[PDB]
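Trainee: One structure follows; several queries about it will come next.
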Amino acid sequence: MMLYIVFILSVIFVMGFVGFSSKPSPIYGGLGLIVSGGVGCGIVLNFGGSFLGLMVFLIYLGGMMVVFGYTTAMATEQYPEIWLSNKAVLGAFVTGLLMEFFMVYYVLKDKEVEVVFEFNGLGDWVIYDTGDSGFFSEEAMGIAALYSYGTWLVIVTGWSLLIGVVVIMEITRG
Amino acid sequence: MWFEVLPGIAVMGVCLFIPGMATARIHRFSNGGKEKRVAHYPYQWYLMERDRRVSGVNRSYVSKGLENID
Amino acid sequence: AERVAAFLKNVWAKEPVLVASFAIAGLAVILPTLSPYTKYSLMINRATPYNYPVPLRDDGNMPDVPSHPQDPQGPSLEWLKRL
Amino acid sequence: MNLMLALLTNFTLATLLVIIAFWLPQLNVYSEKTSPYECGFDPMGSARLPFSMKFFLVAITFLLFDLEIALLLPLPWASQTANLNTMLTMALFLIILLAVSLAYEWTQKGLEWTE
Amino acid sequence: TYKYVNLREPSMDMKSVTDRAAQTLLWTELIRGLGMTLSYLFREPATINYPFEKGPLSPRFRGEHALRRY
Amino acid sequence: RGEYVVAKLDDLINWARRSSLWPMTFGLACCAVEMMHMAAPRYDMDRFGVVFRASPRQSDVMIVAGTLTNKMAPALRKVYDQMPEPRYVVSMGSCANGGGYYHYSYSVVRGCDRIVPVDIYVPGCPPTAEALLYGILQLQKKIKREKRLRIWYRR
Amino acid sequence: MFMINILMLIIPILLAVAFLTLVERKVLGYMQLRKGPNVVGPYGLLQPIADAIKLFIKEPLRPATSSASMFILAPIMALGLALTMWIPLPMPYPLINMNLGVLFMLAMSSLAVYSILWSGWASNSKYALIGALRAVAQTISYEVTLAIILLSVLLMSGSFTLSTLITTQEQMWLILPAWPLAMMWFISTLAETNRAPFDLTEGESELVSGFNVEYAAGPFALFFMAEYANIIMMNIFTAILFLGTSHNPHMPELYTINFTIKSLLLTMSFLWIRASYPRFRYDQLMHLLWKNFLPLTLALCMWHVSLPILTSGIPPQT
Ligand SMILES: CCCCCCCCCCCCCCCCCC(=O)OC[C@H](COP(=O)([O-])OCC[N+](C)(C)C)OC(=O)CCCCCCCCCCCCCCCCC
Ligand SMILES: CCCCCCCCCCCCCCCCCC(=O)OC[C@H](COP(=O)(O)OCCN)OC(=O)CCCCCCCCCCCCCCCCC
Ligand SMILES: CCCCCCCCCCCCO[C@@H]1O[C@H](CO)[C@@H](O[C@H]2O[C@H](CO)[C@@H](O)[C@H](O)[C@H]2O)[C@H](O)[C@H]1O
Ligand SMILES: CCCCCCCCCCCCO[C@@H]1O[C@H](CO)[C@@H](O[C@H]2O[C@H](CO)[C@@H](O)[C@H](O)[C@H]2O)[C@H](O)[C@H]1O
Ligand SMILES: CCCCCCCCCCCCO[C@@H]1O[C@H](CO)[C@@H](O[C@H]2O[C@H](CO)[C@@H](O)[C@H](O)[C@H]2O)[C@H](O)[C@H]1O
Ligand SMILES: CCCCCCCCCCCCO[C@@H]1O[C@H](CO)[C@@H](O[C@H]2O[C@H](CO)[C@@H](O)[C@H](O)[C@H]2O)[C@H](O)[C@H]1O
Ligand code: SF4
């Protein structure tokens with residue numbers, strides 16, 4: 001059962017996506033996105049990406065906090081909608097959950113499934129690498145190379161972030 | 001007087017001492033009297049896995065020295 | 001110089017925090033070029049062996065490659081021990 | 001497995017304390033007791049009404065700056081490179097551009113809250 | 001007669017300006033405030049042990065009423 | 001023996017409640033100044049476990065320290081109702097007790113006990129800070145005598 | 001045995017938190033020329049026990065206008081995440097040895113903010129909402145500077161592993177070469193833990209009780225325990241970062257004693273500070289971080305990237 005940990009997290013990942021894609025109040029949509037960010041961090045961690053997993057969680061936690069502030073200012077109503085309060089929201093929520101439940105039930109029944117495209121269902125562990133014993137984290141080595149190989153990437157991202165500040169100032173100065 | 005604040009500080013100090021002391025002692029107990037092996041990188045985990053196989057009792061903290069080489 | 005010096009004494013009076021920031025950032029940009037120990041940073045980074053040193057096939061004509069690790073030939077770290 | 005167990009225990013312990021808190025005490029629920037608090041007088045309007053954010057521009061700037069730390073956090077590892085000439089230049093370039101971006105928003109009065 | 005409570009121009013000489021920079025950067029005046037509360041920590045408190053000790057009163061104190069006799 | 005067990009559990013919940021009385025930060029007039037002096041160093045109410053907390057949700061005692069007017073009466077009742085239970089009311093000073101100097105006024109409630117139930121009345125105009133403390137310790141002893149679990153056992 | 005190790009972590013944490021409440025009341029009391037608790041148990045030693053029992057037999061209230069599920073969830077999040085922050089702390093051995101322990105603590109601290117936002121929003125009352133949005137402002141103020149301050153310190157240690165900081169500081173405390181960063185770190189932890197003079201999300205004199213104004217009894221106690229747990233944890237983090245204790249592998253208890261004393265004194269300084277200063281205005285806190293610490297933090301982040309390289313003193317990766 002623990003061997004399916006990545007699959008179980010990916011099921012919760014989708015459930016969080018159905019949470020905010022059905023579009024209740026953005027307060028609850030933010031909560032759905034935070035759950036998916038956490039389990040998504042859990043998924044990437046189980047493939048050897050501790051830094052990537054933690055970083056995406058860290059980034060989305062800051063992002064959804066700003067979304068929370070903007071929600072209370074610019075996207076609120078007298079009766080914010082939970083999933084059960086609106087027929088359209090509830091229908092999308094249940095439709096997504098049922099589709100997910102069926103894909104999970106069948107892929108775990110046949111150890112395989114065909115939902116448009118063929119997916120094996122033997123447990124995600126089968127594809128893992130077998131032979132490693134280096135004295136370093138390969139993901140850390142690749143990320144650190146941003147500053148020696150990715151000079152060009154540094155320039156365009158650095159410039160884009162600077163222009164971003166300039167641009168938002170222009171856009172929001174009516 | 002001010003020294004009557006110490007008893008609460010002493011109680012607070014004792015409580016904060018226990019987690020560190022307990023963790024250190026539980027580690028020795030569960031690793032045959034030694035520090036818990038630290039595996040930050042795959043190489044260290046590989047050696048620990050080989051220790052488990054080499055132990056003969058499926059315990060990576062059971063060491064085998066020259067007595068095991070014929 | 002007077003205009004800049006008068007400008008310096010003004011920002012010390014008004015914005016000492018920003019004076020320290022620019023002073024600190026300046027030393028970051030400048031000193032690495034003036035430091036004599038900067039070259040060792042690359043040498044130390046280069047001398048750390050994360051990888052196995054795969055041996056070369058002795059073709060019979062590489063006199064500067066050691067046969068044994070304790071032979072004289074090859075790079076040495078005596079410079080590093082005295083650092 | 002140790003990490004998952006530790007998390008489960010922490011939140012199980014917190015949940016149990018909340019269960020005790022709700023099922024141990026004697027309750028006496030009635031309308032006036034559970035009405036919203038506003039210093040003894042009834043609230044005027046819903047608390048769900050829009051609450052203007054006067055630091056909205058700093059909040060958006062936080063998103064961009066929050067992402068810069070994700071670019072900078074790998075710096076301890078990048079310092080282990082043999083190509084230190086490039087790494088140091090690029091490392092300083094990123095921080096300087098962040099400082100320039102802060103300076104721009106500062107001089108253009110972007111850090112001042114709306115009145 | 002009157003006096004001004006807040007009407008003083010700070011000195012603009014180099015030593016004074018650097019004294020103020022140190023105060024700003026090194027929080028000297030905030031550290032001084034910490035010294036004052038520290039001195040109070042080591043003073044005997046003013047609390048009395050009521051009801052075993054009582055606040056002082058005088059013969060004129062006006063309390064509960066009573067009807068008297070010759 | 002259940003009688004023995006419930007008796008000891010009564011002592012524990014009573015002891016915990018009287019040892020941690022949190023009055024609501026709530027004062028009305030001059031009597032509230034003497035209440036400030038009870039929190040001041042000479043009497044240090046906090047040394048008894050008595051700690052002001054502003055929110056009614058986190059308060060155990062309402063000290064009605066001053067005159068209650070007709071205009072203020074609904075707000076006093078509101079914040080008393082918003083206190084969770086158990087809750088207690090200490091009436092401090094003549095005004096709160098029964099109207100006092102303003103008893104015959106058109107705008108004054110003649111005693112806060114017309115609006116809320118009262119556990120202790122502290123006399124005085126104002127009661128001294130020591131008099132109020134005597135009233136708080138009297139409330140503590142009233143809580144000590146409570147028999148909630150012993151009565152439940154015999155229901 | 002590991003389950004026993006967990007219990008020997010969080011039960012002591014809860015006990016230390018309970019008696020920190022006594023110590024703060026006594027320490028504040030004596031700085032205010034009074035005594036604080038000295039009746040409930042000798043020298044007030046039972047005062048925390050009475051308070052805890054009192055709150056948990058007090059009636060909890062679910063407000064009529066409140067969002068039920070979020071209202072209950074938030075205090076569980078607060079305490080559960082407060083305890084989680086302790087598992088990677090090397091004292092000297094961590095319960096969970098992590099590669100990116102610092103990055104784990106940053107992420108868990110960011111997640112804990114939502115226990116303030118959701119409790120305040122779920123209460124559905126004006127003072128609670130105002131308190132929650134102050135937390136949004138507070139996080140925006142300190143989060144960027146806090147991460148970059150850590151980065152600068154970690155460029156002398158070489159890794160995100162908390163145990164490496166013990167090795168880094170074997171010869172000398174990091175406060176010597178990084179006292180400017182230690183100063184800015186210390187203030188940031190006060191803002192991070194919502195402590196005076198940055199106690200804005202509660203802001204009693206302004207918002208009655210801010211975000212937790214609608215919470216009573218046991219649910220209120222959970223927020224209180226979480227806050228005091230974070231105060232101790234953040235000051236343990238500070239002691240490890242800047243006042244590293246020497247670790248003798250054969251006498252690990254000597255480390256614990258020395259490290260506990262440092263953590264206690266740093267915690268006392270939090271109580272000391274609360275007794276001494278007035279409160280910031282919450283826009284003035286934002287300007288403090290962004291217009292003062294951030295310029296200085298950016299400059300010092302540049303300096304600590306260059307300093308190892310120019311002095312040829314880059315730490316080992318492992
Ligand atoms: C940091 C953690 C701290 C946690 C501390 C936990 C508290 C430790 C101290 C426990 C002392 C015993 C609790 C007594 C308080 C009960 C509240 C009260 O006073 O009610 C008065 C009531 C009085 O009721 P009554 O019948 O006399 O009248 C009330 C009704 N009207 C208003 C109409 C008059 O007592 C009871 O009803 C029952 C008393 C039972 C005593 C045994 C307690 C059992 C608790 C289990 C409850 C079942 C749900 C599960 C809850 C979780 C279990 C842990
Ligand atoms: C070889 C070359 C070397 C190059 C590097 C050289 C670097 C050293 C020189 C640079 C200066 C170092 C000192 C930098 C510290 C940070 C300074 C700072 O930011 O504080 C100034 C800040 C400004 O705010 P203000 O005074 O109101 O006015 C500013 C106008 N814009 O004011 C404040 O921040 C006030 C903070 C208010 C809150 C304080 C509450 C707590 C006070 C007690 C804390 C005591 C310190 C404890 C430290 C413990 C650390 C473990
Ligand atoms: C809040 C909503 C939460 C939604 C979570 C959704 C979870 C998704 C379902 C995951 C269940 C996977 O189920 C997993 O399937 C494999 C099938 O081989 C089982 O693995 C099995 O291996 C061998 C097969 O010969 C058996 O001897 C063994 O008994 C069994 O464990 C796992 O024991 C089971 O845990
Ligand atoms: C130690 C050597 C390195 C020192 C580097 C110092 C750089 C400081 C950059 C400016 C930071 C101060 O921030 C602000 O700058 C403006 C100018 O932009 C100053 O204001 C200045 O404006 C112009 C010059 O530009 C002058 O005519 C004016 O007399 C002067 O006051 C303010 O006093 C200060 O509020
Ligand atoms: C808005 C855009 C702003 C752009 C700002 C760009 C700032 C760049 C400032 C220069 C920083 C680098 O300065 C440069 O650092 C490298 C090390 O990294 C030094 O390089 C020196 O040490 C390294 C090893 O560390 C050796 O490999 C090298 O042979 C030697 O020359 C250079 O002697 C120095 O000149
Ligand atoms: C590379 C990292 C290290 C370098 C530091 C990077 C950050 C540099 C920030 C420079 C800011 C300069 O521009 C800034 O603009 C405002 C105009 O609104 C100036 O002036 C204004 O702000 C200051 C403080 O808020 C007020 O005292 C002044 O009354 C007001 O006019 C600032 O004094 C100046 O500092
Ligand atoms: S009882 Fe006396 S002191 Fe108290 S409020 Fe009335 S007039 Fe003032």
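Ordering of the structure tokens sets the chain letters (A, B, ...), residue numbers begin anew at 1 in every chain, and ligands are numbered from 1 in the order given.
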How would you report the residues lying within 6 Å of ligand 2, as a PyMOL selection string, if you count only C-alpha atoms and all ligand atoms?
Mentor: (chain C and resi 20+24) or (chain E and resi 24-26+30) or (chain G and resi 180+182-184+186+288+292-293)
Trainee: Please list as a list in words every residue within 8 Å of residue D:47, counting only C-alpha atoms and excluding residues in the same chain fewer than 2 positions away.
Mentor: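 The contact residues come out as residues 45 and 49 of chain D; 124, 125, 126 and 129 of chain G.
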Trainee: Can you list, as a ChimeraX atom specification, every protein, DNA or RNA residue that comes within 8 Å of residue G:39 when you count only C-alpha atoms, leaving out same-chain residues fewer than 5 positions away?
Mentor: /F:47-49 /G:44
Trainee: Using only C-alpha atoms, which protein or nucleic acid residues come within 12 Å of residue B:23? Drop anything in the same chain fewer than 3 positions from it, and give the result as an MDAnalysis selection string.
Mentor: (chainID B and resid 17:20 26:30 35:36) or (chainID G and resid 1:10 87:97 252:253 256)
Trainee: Any idea what's packed within 9 Å of stretch 3-14 of chain B, counting only C-alpha atoms, ignoring anything in its chain fewer than 6 positions away? Could you give it as a ChimeraX atom specification?
Mentor: /E:42 /G:12,15-20,22-23,26-27,30,35,38,43-45,257,260-261,264
Trainee: Those same residues, written as a PDB file, in the first residue's frame with N, CA and C atoms?
Mentor:
```
ATOM      1  N   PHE E  42      14.940  43.880  38.978  1.00  0.00           N
ATOM      2  CA  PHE E  42      15.737  43.616  40.165  1.00  0.00           C
ATOM      3  C   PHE E  42      15.378  44.515  41.336  1.00  0.00           C
TER       4      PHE E  42
ATOM      5  N   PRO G  12       6.746  17.196  26.204  1.00  0.00           N
ATOM      6  CA  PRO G  12       7.583  18.259  26.781  1.00  0.00           C
ATOM      7  C   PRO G  12       7.349  19.628  26.167  1.00  0.00           C
ATOM      8  N   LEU G  15       4.360  21.028  27.818  1.00  0.00           N
ATOM      9  CA  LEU G  15       4.674  21.399  29.191  1.00  0.00           C
ATOM     10  C   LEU G  15       5.526  22.660  29.248  1.00  0.00           C
ATOM     11  N   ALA G  16       6.531  22.769  28.381  1.00  0.00           N
ATOM     12  CA  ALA G  16       7.342  23.983  28.355  1.00  0.00           C
ATOM     13  C   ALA G  16       6.498  25.195  27.988  1.00  0.00           C
ATOM     14  N   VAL G  17       5.564  25.028  27.052  1.00  0.00           N
ATOM     15  CA  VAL G  17       4.679  26.125  26.674  1.00  0.00           C
ATOM     16  C   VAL G  17       3.819  26.543  27.857  1.00  0.00           C
ATOM     17  N   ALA G  18       3.284  25.573  28.594  1.00  0.00           N
ATOM     18  CA  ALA G  18       2.443  25.907  29.734  1.00  0.00           C
ATOM     19  C   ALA G  18       3.216  26.721  30.759  1.00  0.00           C
ATOM     20  N   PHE G  19       4.462  26.346  31.027  1.00  0.00           N
ATOM     21  CA  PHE G  19       5.230  27.055  32.037  1.00  0.00           C
ATOM     22  C   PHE G  19       5.906  28.300  31.498  1.00  0.00           C
ATOM     23  N   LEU G  20       6.003  28.451  30.181  1.00  0.00           N
ATOM     24  CA  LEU G  20       6.406  29.740  29.641  1.00  0.00           C
ATOM     25  C   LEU G  20       5.358  30.798  29.952  1.00  0.00           C
ATOM     26  N   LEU G  22       3.559  31.005  32.612  1.00  0.00           N
ATOM     27  CA  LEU G  22       3.840  31.467  33.965  1.00  0.00           C
ATOM     28  C   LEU G  22       5.033  32.410  33.975  1.00  0.00           C
ATOM     29  N   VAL G  23       6.105  32.029  33.286  1.00  0.00           N
ATOM     30  CA  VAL G  23       7.332  32.813  33.324  1.00  0.00           C
ATOM     31  C   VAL G  23       7.100  34.198  32.741  1.00  0.00           C
ATOM     32  N   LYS G  26       5.271  36.249  35.309  1.00  0.00           N
ATOM     33  CA  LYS G  26       6.151  36.648  36.403  1.00  0.00           C
ATOM     34  C   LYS G  26       7.173  37.676  35.937  1.00  0.00           C
ATOM     35  N   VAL G  27       7.790  37.442  34.781  1.00  0.00           N
ATOM     36  CA  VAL G  27       8.823  38.348  34.285  1.00  0.00           C
ATOM     37  C   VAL G  27       8.229  39.714  33.991  1.00  0.00           C
ATOM     38  N   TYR G  30       7.422  41.484  37.391  1.00  0.00           N
ATOM     39  CA  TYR G  30       8.510  42.106  38.134  1.00  0.00           C
ATOM     40  C   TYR G  30       9.083  43.306  37.404  1.00  0.00           C
ATOM     41  N   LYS G  35       4.304  41.270  41.212  1.00  0.00           N
ATOM     42  CA  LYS G  35       4.808  39.915  41.380  1.00  0.00           C
ATOM     43  C   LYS G  35       4.357  38.931  40.314  1.00  0.00           C
ATOM     44  N   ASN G  38       1.534  34.146  42.264  1.00  0.00           N
ATOM     45  CA  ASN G  38       2.276  33.574  43.382  1.00  0.00           C
ATOM     46  C   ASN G  38       1.348  32.936  44.412  1.00  0.00           C
ATOM     47  N   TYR G  43       4.800  29.899  44.446  1.00  0.00           N
ATOM     48  CA  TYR G  43       5.373  30.750  43.404  1.00  0.00           C
ATOM     49  C   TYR G  43       4.603  30.615  42.095  1.00  0.00           C
ATOM     50  N   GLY G  44       3.310  30.328  42.198  1.00  0.00           N
ATOM     51  CA  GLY G  44       2.461  30.238  41.031  1.00  0.00           C
ATOM     52  C   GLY G  44       2.710  29.039  40.150  1.00  0.00           C
ATOM     53  N   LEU G  45       3.354  27.993  40.667  1.00  0.00           N
ATOM     54  CA  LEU G  45       3.760  26.884  39.814  1.00  0.00           C
ATOM     55  C   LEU G  45       2.580  26.090  39.270  1.00  0.00           C
ATOM     56  N   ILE G 257      22.192  20.786  27.497  1.00  0.00           N
ATOM     57  CA  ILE G 257      22.130  21.730  28.608  1.00  0.00           C
ATOM     58  C   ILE G 257      22.549  23.117  28.146  1.00  0.00           C
ATOM     59  N   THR G 260      19.997  24.510  25.714  1.00  0.00           N
ATOM     60  CA  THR G 260      18.744  24.876  26.367  1.00  0.00           C
ATOM     61  C   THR G 260      18.863  26.214  27.087  1.00  0.00           C
ATOM     62  N   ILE G 261      19.992  26.458  27.754  1.00  0.00           N
ATOM     63  CA  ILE G 261      20.191  27.732  28.438  1.00  0.00           C
ATOM     64  C   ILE G 261      20.130  28.883  27.446  1.00  0.00           C
ATOM     65  N   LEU G 264      16.528  29.435  26.347  1.00  0.00           N
ATOM     66  CA  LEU G 264      15.729  30.076  27.383  1.00  0.00           C
ATOM     67  C   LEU G 264      16.006  31.570  27.438  1.00  0.00           C
TER      68      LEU G 264
END
```
Trainee: Mind listing the residues within 6 Å of ligand 3, only C-alpha atoms and all ligand atoms counted, as a list in words?
Mentor: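 My answer, listing the contacting residues, is residues 1, 4, 8, 11 and 12 of chain A.
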Trainee: As a PDB file with N, CA, C and O atoms, in the first residue's frame, please: the residues near residue A:9 (cut-off 10 Å, only C-alpha atoms, same-chain neighbours under 6 positions excluded).
Mentor:
```pdb
ATOM      1  N   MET A  15      -8.125  15.807  -6.725  1.00  0.00           N
ATOM      2  CA  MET A  15      -9.260  16.240  -5.921  1.00  0.00           C
ATOM      3  C   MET A  15      -9.159  17.719  -5.579  1.00  0.00           C
ATOM      4  O   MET A  15     -10.166  18.432  -5.580  1.00  0.00           O
ATOM      5  N   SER A  36      -3.406  20.975  -3.205  1.00  0.00           N
ATOM      6  CA  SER A  36      -2.731  20.430  -4.376  1.00  0.00           C
ATOM      7  C   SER A  36      -1.257  20.803  -4.383  1.00  0.00           C
ATOM      8  O   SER A  36      -0.409  20.003  -4.791  1.00  0.00           O
ATOM      9  N   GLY A  38       0.603  21.192  -1.726  1.00  0.00           N
ATOM     10  CA  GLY A  38       1.266  20.346  -0.749  1.00  0.00           C
ATOM     11  C   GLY A  38       1.483  18.931  -1.248  1.00  0.00           C
ATOM     12  O   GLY A  38       2.588  18.394  -1.160  1.00  0.00           O
ATOM     13  N   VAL A  39       0.432  18.301  -1.775  1.00  0.00           N
ATOM     14  CA  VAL A  39       0.577  16.940  -2.281  1.00  0.00           C
ATOM     15  C   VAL A  39       1.437  16.931  -3.536  1.00  0.00           C
ATOM     16  O   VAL A  39       2.200  15.990  -3.769  1.00  0.00           O
ATOM     17  N   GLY A  40       1.321  17.965  -4.369  1.00  0.00           N
ATOM     18  CA  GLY A  40       2.225  18.090  -5.499  1.00  0.00           C
ATOM     19  C   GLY A  40       3.672  18.173  -5.062  1.00  0.00           C
ATOM     20  O   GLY A  40       4.557  17.596  -5.696  1.00  0.00           O
ATOM     21  N   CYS A  41       3.930  18.891  -3.968  1.00  0.00           N
ATOM     22  CA  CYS A  41       5.248  18.862  -3.347  1.00  0.00           C
ATOM     23  C   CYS A  41       5.597  17.457  -2.877  1.00  0.00           C
ATOM     24  O   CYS A  41       6.734  17.005  -3.039  1.00  0.00           O
ATOM     25  N   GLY A  42       4.627  16.747  -2.299  1.00  0.00           N
ATOM     26  CA  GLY A  42       4.878  15.380  -1.877  1.00  0.00           C
ATOM     27  C   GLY A  42       5.198  14.454  -3.034  1.00  0.00           C
ATOM     28  O   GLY A  42       6.000  13.531  -2.898  1.00  0.00           O
ATOM     29  N   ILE A  43       4.562  14.676  -4.184  1.00  0.00           N
ATOM     30  CA  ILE A  43       4.812  13.840  -5.353  1.00  0.00           C
ATOM     31  C   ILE A  43       6.216  14.076  -5.893  1.00  0.00           C
ATOM     32  O   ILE A  43       6.962  13.130  -6.159  1.00  0.00           O
TER      33      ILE A  43
END
```
Trainee: Given a cut-off of 10 Å, what residues near ligand 5 show up using only C-alpha atoms and all ligand atoms, put as number ranges by chain?
Mentor: A: 155, 158-159; C: 26-46; D: 79, 81-101; G: 305-306, 308-312
Trainee: Dump the neighbourhood of ligand 1 as a VMD selection string: all residues within 9 Å, distances computed on only C-alpha atoms and all ligand atoms.
Mentor: (chain D and resid 16 to 17 19 to 28) or (chain F and resid 6 9 to 10 12 to 13 16 86 147 to 155) or (chain G and resid 14 18 49 51 to 59 218 221 to 222 225)
Trainee: Residues within 8 Å of residue G:272, please, as a ChimeraX atom specification. Count only C-alpha atoms; anything in the same chain fewer than 5 positions from it doesn't count.
Mentor: /E:34,37-38 /G:27-28
Trainee: Set the cut-off to 8 Å, count only C-alpha atoms and all ligand atoms, and list whatever residues fall near ligand 6 as a ChimeraX atom specification.
Mentor: /C:14-15,18,21-22,24-25 /D:95-100,102-104,106-109 /G:287,291,294-300,302
Trainee: So, counting only C-alpha atoms, which residue among E:18, E:1, E:47, E:6 is closest to chain B?
Mentor: E:47
Trainee: List all protein, DNA and RNA residues that have any atom at most 12 Å from ligand 7, counting only C-alpha atoms and all ligand atoms, and write the list as an mmCIF file with C-alpha atoms, in the first residue's frame.
Mentor:
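result.cif written:
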```
data_model
loop_
_atom_site.group_PDB
_atom_site.id
_atom_site.type_symbol
_atom_site.label_atom_id
_atom_site.label_comp_id
_atom_site.auth_asym_id
_atom_site.auth_seq_id
_atom_site.Cartn_x
_atom_site.Cartn_y
_atom_site.Cartn_z
ATOM 1 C CA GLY F 27 -15.580 49.461 32.948
ATOM 2 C CA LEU F 28 -18.154 52.224 33.016
ATOM 3 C CA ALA F 29 -17.204 55.182 35.246
ATOM 4 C CA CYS F 30 -15.231 56.208 38.353
ATOM 5 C CA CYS F 31 -15.431 52.729 39.879
ATOM 6 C CA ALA F 32 -13.305 51.603 36.929
ATOM 7 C CA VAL F 33 -10.435 53.736 38.247
ATOM 8 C CA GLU F 34 -10.315 51.738 41.480
ATOM 9 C CA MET F 35 -10.439 48.595 39.354
ATOM 10 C CA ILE F 63 -17.270 43.445 36.743
ATOM 11 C CA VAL F 64 -19.906 46.149 36.330
ATOM 12 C CA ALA F 65 -17.692 49.007 37.511
ATOM 13 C CA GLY F 66 -19.801 52.130 37.256
ATOM 14 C CA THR F 67 -23.171 53.615 36.386
ATOM 15 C CA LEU F 68 -25.348 51.709 33.930
ATOM 16 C CA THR F 69 -27.484 54.092 31.892
ATOM 17 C CA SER F 91 -21.522 44.479 40.843
ATOM 18 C CA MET F 92 -19.079 47.177 41.958
ATOM 19 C CA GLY F 93 -20.100 50.396 43.661
ATOM 20 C CA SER F 94 -23.372 52.094 44.506
ATOM 21 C CA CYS F 95 -24.299 52.966 40.916
ATOM 22 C CA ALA F 96 -24.100 49.378 39.695
ATOM 23 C CA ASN F 97 -25.594 48.059 42.937
ATOM 24 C CA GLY F 98 -28.788 50.092 42.943
ATOM 25 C CA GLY F 99 -28.408 53.402 41.132
ATOM 26 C CA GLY F 100 -26.519 55.220 43.862
ATOM 27 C CA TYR F 101 -26.223 58.983 43.535
ATOM 28 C CA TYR F 102 -28.188 58.814 40.269
ATOM 29 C CA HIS F 103 -30.928 56.468 41.472
ATOM 30 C CA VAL F 108 -30.113 55.459 34.789
ATOM 31 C CA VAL F 109 -30.815 51.775 35.398
ATOM 32 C CA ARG F 110 -31.552 51.362 39.109
ATOM 33 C CA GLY F 111 -29.073 48.566 39.690
ATOM 34 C CA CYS F 112 -27.424 46.329 37.112
ATOM 35 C CA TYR F 121 -22.212 43.172 45.307
ATOM 36 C CA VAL F 122 -19.242 45.323 46.354
ATOM 37 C CA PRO F 123 -20.467 48.372 48.328
ATOM 38 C CA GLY F 124 -18.827 51.776 48.197
ATOM 39 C CA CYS F 125 -18.694 54.938 46.059
ATOM 40 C CA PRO F 126 -16.222 53.812 44.908
ATOM 41 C CA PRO F 127 -15.245 50.706 46.811
ATOM 42 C CA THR F 128 -11.558 50.888 47.552
ATOM 43 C CA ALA F 129 -9.314 48.715 45.413
ATOM 44 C CA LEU F 132 -12.999 45.173 45.253
#
```
Trainee: Given a cut-off of 10 Å, which residues of chain C touch chain A, counting only C-alpha atoms, written out as a PyMOL selection string?
Mentor: chain C and resi 49-52
Trainee: Would you mind exporting N, CA and C atoms of the selected residues as a short mmCIF file (atom, residue, chain, number, x, y, z; two decimals), in the first residue's frame?
Mentor:
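The result, written out as out_6.cif:
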```cif
data_model
loop_
_atom_site.label_atom_id
_atom_site.label_comp_id
_atom_site.auth_asym_id
_atom_site.auth_seq_id
_atom_site.Cartn_x
_atom_site.Cartn_y
_atom_site.Cartn_z
N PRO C 49 36.96 15.86 -5.41
CA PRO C 49 36.62 14.80 -6.36
C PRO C 49 35.26 14.16 -6.13
N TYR C 50 34.22 14.73 -6.72
CA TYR C 50 32.90 14.13 -6.65
C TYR C 50 32.78 12.90 -7.52
N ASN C 51 33.66 12.74 -8.50
CA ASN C 51 33.57 11.67 -9.48
C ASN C 51 34.76 10.73 -9.32
N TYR C 52 34.56 9.49 -9.73
CA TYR C 52 35.66 8.56 -9.77
C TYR C 52 36.66 8.99 -10.84
#
```
Trainee: One decimal, Å: what's the distance from atom CA of residue F:114 over to atom CA of residue F:51, could you say?
Mentor: 26.8 Å
Trainee: Report the residues of chain C whose backbone DSSP state falls under helix (DSSP H, G or I), written as a PyMOL selection string.
Mentor: chain C and resi 2-14+16-34+38-47+78-81
Trainee: In Å, with one decimal, what is the gap from atom 20 (O, counted along the ligand's line) of ligand 4 to atom CA of residue D:111?
Mentor: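 Separation between atom 20 (O, counted along the ligand's line) of ligand 4 and atom CA of residue D:111: 17.6 Å.
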